[PDB]
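Here are the chains, one letter per residue:
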Amino acid sequence: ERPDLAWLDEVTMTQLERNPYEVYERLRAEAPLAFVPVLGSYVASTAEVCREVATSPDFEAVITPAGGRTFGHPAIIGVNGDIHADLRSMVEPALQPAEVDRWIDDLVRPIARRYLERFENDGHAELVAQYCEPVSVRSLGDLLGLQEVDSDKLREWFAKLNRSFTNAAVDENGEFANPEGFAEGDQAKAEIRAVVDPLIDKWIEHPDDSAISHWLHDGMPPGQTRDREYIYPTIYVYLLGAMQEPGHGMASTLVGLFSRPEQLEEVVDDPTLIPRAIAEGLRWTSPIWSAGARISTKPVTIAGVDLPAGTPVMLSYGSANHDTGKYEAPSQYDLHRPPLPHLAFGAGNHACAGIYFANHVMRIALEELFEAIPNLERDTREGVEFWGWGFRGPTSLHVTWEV
Ligand code: HEM
Ligand SMILES: COc1ccccc1O
């Protein structure tokens, strides 16, 4: 529709998944709020527009079309008002900083050690599959009450949910271009139900200290539980992003550090720098890159565009975190970048509920890795490819070390 952006008509979904930076660098300059035809939605690409939409009283939560097809209702990311307040009150207790501090070390450190012990003497590893993803999913899985679900299975589920959630391509008429791409998400949800329904059955009668047990029972009248259909979409929210993103973040941090070998050495020598390294990693490749959306509740003007009420806007936080209005050479990883705010955890009422937990999982995991393999080196015989528009991270991370 917008004449000077007619080039956007030729942007493909594959291009956004493999490398969205070049298109989004153009958007941040030409149209910070732009309608992207293949996504069928306005997209916010700069830090100012993302922050404004995410915090505006004239926007509220919505799920993208493919996200809604994947999760249904009421997913915590896509609801408002009394339902959202209830779901936030449901998930927040185990995520409270003072609560996390009581058990996070005893949770993650033995998990990290267990996975490291399988390969720390090999001289070679593929860290995404052998370390980052397993530690991420085993940590949260145990917190949730899914101790009996293998990390292989948790990893398969978040991968299938990822592909379904981000199956966003639409054709001329706004219809999904890849309707068969939701089937593996449906297959994952069916498997999840088969595993989790018996656990919910027993937690209803025998509550325990698992997070999902508390989701059923906390704040409810005596002898009542939240209905499982009411909580399952938020379970899916966790089994996608909460399972995937800490692993994405630590892997992207490592890739960034490998790109700056002097900085990798610094961090290995001084592990108190790991939190700073992770924060730059999340800015540099944001795990939740463009998954979330908001919808306008009244006519509103954003970046010079007059949006009617009812207009969805996708929040491309991963682009916002390369805003050259804020950062110098954002495409480069730099441990010594001056600490500034970033949007990798979103903003506003629907900002990430698990920041403190997530940052601790990534920090402990990197601590234990650099302890066990101080001479870690990137396998330069291999290249690192990143994949994902909605959720983005490296697809593998081959490393080596002298044994
Ligand atoms: C490095 C890892 C993570 C990153 C980068 C991340 C990022 C985000 C982002 C960007 C949002 C969306 C905010 C928006 O649309 O404005 C979000 C939402 C959320 N995240 Fe995190 N997340 C991470 C890990 C986790 C973990 C481990 C948990 C749970 C233990 C978690 C729980 C949640 C919840 C419940 C929401 C929805 C909040 C709401 O809609 O009210 N996140 N996260
Ligand atoms: C925390 O997990 C999510 C965040 C945004 C979209 C999908 C998710 O699973």
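Residues numbered from 1 in each chain as written, not as in the entry; some residues may be left out. Chains lettered and ligands numbered in written order. Heavy atoms only, no water.

As documented in the archive entry, the model was determined using X-ray crystallography at 1.80 Å resolution.

J.: Describe the overall build of the protein, listing the residues and the values that go with them.
T.: Regarding its fold elements, the protein presents 15 helices and 12 strands. Relative to its length of 403 residues, the protein is compact, with a C-alpha radius of gyration of 21 Å against a globular reference of 22 Å. Projected onto the principal axes, the alpha-carbon positions of the protein cover approximately 60 × 60 × 40 Å. Looking at the 403 residues of the protein, the share that counts as buried comes to 55%. Of the contacts formed within the protein by residues at least 6 apart in sequence, a portion of 69% connects residues at least 24 apart. Summed over all atoms, the accessible surface of the protein reaches about 17100 Å², with 51% contributed by carbon and sulfur. (Helix = DSSP H or I, 4+ residues; strand = E, 2+ residues; numbered from the N terminus. Rg over C-alpha atoms; globule rule 2.2 N^0.38 Å. Buried < 20%, exposed > 50% of the residue type's maximum accessible area, 1.4 Å probe, protein only. Contact = heavy atoms within 4.5 Å. Areas by Shrake-Rupley, 256 points an atom, 1.4 Å probe, with all protein chains shown as cover.)

J.: Can you lay out the UniProt feature "binding site: substrate" in the protein for me, pointing to particular residues and giving the numbers?
T.: Within this numbering scheme, the UniProt entry marks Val237 and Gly241 as carrying the feature "binding site: substrate". The annotated residues named above include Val237 and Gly241 as those lining the largest cavity. Summarising the element assignment, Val237 is placed in helix 11 (residues 228-258). Contact partners of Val237, with chain neighbours within four places excluded, come to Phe71, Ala75, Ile76, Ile77 and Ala242. Here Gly241 is to be found in helix 11. (UniProt positions renumbered as here; feature names shortened; annotations may be inferred. 1 Å grid on protein atoms, 1.4 Å probe; cavity = no way out; pocket = protein on both sides within 12 Å on 5 of 7 lines; lining within 4 Å.)

J.: Provide a residue-level description of the site of ligand 1, including the pertinent values.
T.: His84, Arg294, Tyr317, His350 and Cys352 are the nearest of the 26 residues found near ligand 1. Between ligand 1 and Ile76, the relevant distance is 3.3 Å, taken from an oxygen atom to a main-chain nitrogen or oxygen of the residue. One of the side-chain nitrogen or oxygen atoms of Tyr317 is found 2.5 Å away from an oxygen atom of ligand 1. More than half of the atoms of ligand 1 fall within 2 Å of the grid points belonging to the largest cavity. Put simply, the parts of the chain that give the shell around ligand 1 at least two residues each are helix 5 (81-91), helix 11 and helix 15 (355-372). At four residues, the largest contribution of residues to the shell around ligand 1 is made by helix 11. (Near = heavy atom within 4 Å. Polar contact = N/O pair within 3.5 Å; in protein donor to acceptor, adjacent residues only side chain to side chain. Sits in = over half its atoms within 2 Å of the grid points.)

J.: So what about the pairing of strand 8 (residues 312-315)? Which residues, and what values?
T.: Pairing analysis gives three bridges linking strand 2 (residues 41-44) to strand 8, with the strands arranged parallel. Residue pairing across strands places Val43 opposite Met314, the latter belonging to strand 8. The sheet contact formed by strand 5 (residues 293-296) and strand 8 spans three bridges and is antiparallel. Within the sheet, the bridge partner assigned to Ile295 lies in strand 8 and is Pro312. (Pairing = 2+ DSSP bridges.)

J.: Describe the pattern of salt bridges, and please don't skip the residues or the numbers.
T.: This structure, assessed with the given rule, holds 29 salt bridges. Two residues, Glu92 and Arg88, come together in a salt bridge whose shortest N-O distance is 2.9 Å. The closest approach of N and O atoms between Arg155 and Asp152, which form a salt bridge, is 3.4 Å. Note that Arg155 and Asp152 are positioned in helix 8 (residues 151-165) at a spacing of three residues, about one turn of the helix. (Salt bridge = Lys/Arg side-chain N within 4 Å of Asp/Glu carboxyl O.)

J.: Got a sec to walk through the site of ligand 2? Specific residues and values, please.
T.: As a structural note, the neighbourhood of ligand 2 is formed by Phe71, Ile77, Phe165, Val237, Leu240, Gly241, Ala242, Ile288 and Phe391. Contact distances for ligand 2 include 2.6 Å between an oxygen atom and a backbone N or O atom of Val237. Interatomic distance of 2.9 Å between a backbone N/O atom of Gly241 and an oxygen atom of ligand 2. A total of 270 Å² of accessible area belongs to ligand 2 in isolation, and the protein chains cover 81% of it. Comparing atom positions with the cavity grids shows ligand 2 to sit within the largest cavity.

J.: Before we move on, can you summarise the sheet that holds strand 9 (residues 377-378) with the specific residues and values?
T.: In spatial order, the strands read 4-12-9; together these three strands make up an open sheet with antiparallel pairing. Of all the strands in the sheet, just strand 4 (124-126) and strand 9 have a single pairing partner and so form its edges. Inspection of the sheet shows strand 4 paired to strand 12 (residues 398-400) by three bridges, in the antiparallel sense. Residue pairing in the sheet places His124 in a bridge with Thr400 of strand 12. Contacting strand 4 and strand 12, helix 7 (residues 127-144) runs over the sheet at an angle of about 65° to strand 4. (Axes fitted to C-alpha atoms, helices over the stretch in contact; angles between N-to-C directions.)

J.: Run through the packing of aromatic side chains, naming residues and quoting values.
T.: Scanning the entire structure with this criterion turns up 13 aromatic pairs. Both rings, one in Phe119 and one in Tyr131, keep their centres 6.2 Å apart while their planes meet at 70°; by these two values the pair is edge-to-face. Here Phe119, found in the loop between helix 6 (97-116) and strand 4, pairs with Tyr131, found in helix 7; they are 12 residues apart in sequence, far enough to count as distant. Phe119 sits in the buried class, given a relative accessible area of 1%. Taken together, a centroid distance of 5.9 Å and an interplanar angle of 25° make the contact between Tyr232 and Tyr236 stacked. Residue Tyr232 and its partner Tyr236 are both found in helix 11; the two are separated by four residues, about one turn of the helix. The same class applies to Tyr232 and to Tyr236, which are both buried. Site record: aromatic cluster; members linked through ring pairs are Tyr21, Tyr24 and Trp289. Taking NZ or CZ as reference, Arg283 lies 5.1 Å from the ring centre of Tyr327, over its face. (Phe/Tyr/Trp six-rings, centres within 6.5 Å; stacked < 30°, edge-to-face > 60°. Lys NZ or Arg CZ within 6 Å of the ring centre and 35° of its normal.)

J.: Go over the side chain of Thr46 with me, naming the residues and quoting the values.
T.: Considering the arrangement of structural elements, one finds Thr46 in the loop between strand 2 and helix 3 (47-55). A distance of 3.3 Å separates the side chain of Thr46 from the backbone nitrogen of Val49, its partner in a polar contact. In this structure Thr46 touches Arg28, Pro32, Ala320 and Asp323, once residues within four positions along its chain are discounted.

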